[PDB]
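Throughout, protein chains are lettered first and strands after them, A, B, ... in sequence-line order, and every chain is numbered starting at 1.
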2 protein chains.
Amino acid sequence: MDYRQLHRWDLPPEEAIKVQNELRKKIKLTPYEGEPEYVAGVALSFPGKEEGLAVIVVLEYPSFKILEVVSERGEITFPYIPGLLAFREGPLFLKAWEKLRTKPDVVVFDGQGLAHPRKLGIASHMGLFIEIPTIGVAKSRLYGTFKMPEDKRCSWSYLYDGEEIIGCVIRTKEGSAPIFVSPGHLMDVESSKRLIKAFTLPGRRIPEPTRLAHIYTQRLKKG
Amino acid sequence: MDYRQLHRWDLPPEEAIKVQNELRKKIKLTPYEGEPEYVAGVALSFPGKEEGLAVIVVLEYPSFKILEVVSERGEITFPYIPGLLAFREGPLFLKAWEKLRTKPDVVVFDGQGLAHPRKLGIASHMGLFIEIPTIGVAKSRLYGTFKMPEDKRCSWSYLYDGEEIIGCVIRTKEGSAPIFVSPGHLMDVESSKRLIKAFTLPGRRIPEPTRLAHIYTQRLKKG
DNA sequence: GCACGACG
DNA sequence: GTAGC
DNA sequence: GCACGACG
DNA sequence: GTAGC
């Protein structure tokens, strides 16, 4: 699948942060009105300290059937630094993206989108490159303040940056910690919550797209 | 400082779990009545995948002045497995312990004590070896259920194993996640809470013993 | 001076 | 490595 | 089939 | 690798 190479990936931490502060201006927090048909999930595993494996899974909604799966193993040199996940995993994901045949209506990533220090988490960043609605679903908080939602089944609260709502915290499963949902590109807080709620089945904490992707990332890491 | 070698460390995961299920019977959850004078904190860092660095710091209470610091760098072969932290970091800590001159009244460890699947976290386990009151202060939950305390300054709640109280969750700092406190050996839930509350200064999330230890663990990892 | 995805 | 106190 | 300390 | 569903 095609995408737009907006800049170089091999950059020192300081120049990468500048690239984020510039790219954040291109983000469009538009509503996603309607029922998607093709939903993609993306996950990464690391077979070695410098070898990652990116997996992209495309599911049919609302049946949740698997329509396509592609992957790419490659050298990963950029160190993990909070706030710069895109410069570590972005390149390999795009490499897998190049192989994808189905054009997703929305892509869900592991990690933040809008709920990022410079308003541009991996989900937002990748959204600008692929020019398709994106959502960031994180298992932990990177930025923003919030009031822990109660332990219900769909109980939730907004994630804030002072006064601005940058996403939401959702208790997708009772007995499990909530997940952090923020819009990426061509998406908004309200739509991301609706969609993620719709992508997560009862008994599950993680939405099917990224949940299935993570499984394949682990399976392929062996056989 | 002396200690009791209760068993072999080089054991396969399955035999190590049996050793825990047997050692749990030796645990004494007795009250710690009185003001301690010498309080120790223990932390570990890893200069290499198979090289750890254990640091033990002894502080004078209530002045919190540093009375002694010792350390030990050594080969670490046991992999990190939730529930078996003692078989990874225990050996190197004991190696540092051998160097310690001051006999602490209580030792605080990073990780669980009683709040463990088999009722024997690193803090409890090390307590049996050194035969001195121990407390496990964790930055995250390993076992047990609890109700998130409010975001006050000393707000707290009990950590449970069904009906049994195995420790407590304390909001040592506003804006920070709470810490998980469980008694090790020669300690009880009530005493551990009292002591840890007393070892943690305003503005801090982590108790001075382990906080200072962690700092030295990082400093020595360089210079 | 004092918060932050993937061995198993 | 970035970052608000 | 479906939760769990230390690059920086 | 352990572990309750």
(request) Sticking with atom P, work out how far C:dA3 lies from E:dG5, rounded to a whole angstrom. (result) 13 Å

(message) Any base atoms under 4.0 Å from B:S176, or only sugar-phosphate, or nothing? Heavy atoms, all strands.
(response) sugar-phosphate

(message) What is the first contacted nucleotide of DNA chain F and what is the last, in 5' to 3' order, if contact means an atom lying under 4.0 angstrom from a heavy atom of chain B?
(response) F:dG1 to F:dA3

(request) Would you kindly give the CZ-to-P distance between B:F64 and C:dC2, to the nearest whole Å? (result) 13 Å

(request) Please identify each residue that fulfils ring-ring contact (aromatic ring centres under 6.0 Å, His included) with A:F146, with sequence neighbours left out. (result) A:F180

(request) Supply the atom-to-atom distance B:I27 CD1 to B:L114 CG, rounded to the nearest 0.5 angstrom. (result) 8.0 Å

(request) Nearest whole angstrom, please: distance from the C1' of C:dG1 to the OH of B:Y216. (result) 14 Å

(request) Round to the nearest Å and state the distance from A:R204 atom CZ to E:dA3 atom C1'. (result) 15 Å

Can you check nucleotides 4-8 of chain E for protein contacts, nitrogen or oxygen pairs under 3.5 Å, and list what you find?
| from | atom 1 | to | atom 2 | distance (Å) |
| --- | --- | --- | --- | --- |
| E:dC4 | OP1 | B:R141 | NH2 | 3.1 |
| E:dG5 | OP1 | B:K139 | N | 2.8 |
| E:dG5 | OP2 | B:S140 | OG | 3.1 |
| E:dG5 | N7 | B:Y80 | OH | 3.1 |
| E:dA6 | OP2 | B:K139 | NZ | 2.7 |
| E:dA6 | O3' | B:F46 | N | 3.4 |
| E:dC7 | OP2 | B:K221 | NZ | 3.1 |
| E:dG8 | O6 | B:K221 | NZ | 3.2 |

(request) Measure the distance from CZ on B:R219 to P on C:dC2 and round it to the nearest whole Å. (result) 12 Å

(message) Tell me which one of A:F109, A:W97, A:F93, A:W9 satisfies ring-ring contact (aromatic ring centres under 6.0 Å, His included) with A:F129.
(response) A:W9

(message) Using the P atom as the point on both nucleotides, what is the distance between D:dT2 and E:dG8, in whole Å?
(response) 11 Å

(message) For B:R171, give me all partners under salt bridge (charged side-chain N to carboxylate O under 4.0 Å, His left out), at least two apart in sequence or on another chain.
(response) B:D151

(request) Convert the base pairs of DNA chain F into dot-bracket notation, remembering that pairs crossing earlier ones are written with [ ] and that bases paired across to another strand are shown as |; include only Watson-Crick or G-U pairs under 3.5 Å. (result) ||.||

(message) Going by the rule ring-ring contact (aromatic ring centres under 6.0 Å, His included), which residues pair with A:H185 if we only count those two or more places apart in sequence or in a different chain?
(response) none

(request) Round to a whole Å and report the spacing from CZ of B:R153 to P of C:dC2. (result) 15 Å

(message) Taking salt bridge (charged side-chain N to carboxylate O under 4.0 Å, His left out) as the definition, give me every residue that meets it alongside A:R73, ordered by chain and number, with sequence neighbours left out.
(response) A:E51

(request) Using the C1' atom on both, measure D:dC5 against E:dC4 and round to a whole Å. (result) 33 Å

(request) Could you list the residues that satisfy salt bridge (charged side-chain N to carboxylate O under 4.0 Å, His left out) with B:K147, not counting sequence neighbours? (result) none

(request) Return the set of residues passing side-chain hydrogen bond (donor to acceptor under 3.5 Å, both in side chains) with B:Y158 (not counting sequence neighbours), or none when no residue passes. (result) B:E190

(message) Suppose we screen for side-chain hydrogen bond (donor to acceptor under 3.5 Å, both in side chains). Which residues come up paired with A:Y216, at least two apart in sequence or across chains?
(response) none

(message) Test of understanding: with side-chain hydrogen bond (donor to acceptor under 3.5 Å, both in side chains), list the residues that count as partners of B:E150, not counting sequence neighbours.
(response) none

(request) For B:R204, check salt bridge (charged side-chain N to carboxylate O under 4.0 Å, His left out) against everything at least two apart and list the hits. (result) B:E208

(request) For A:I17, report the nucleic acid contact type (base, sugar-phosphate, nothing); a contact means any heavy atom under 4.0 Å. (result) sugar-phosphate

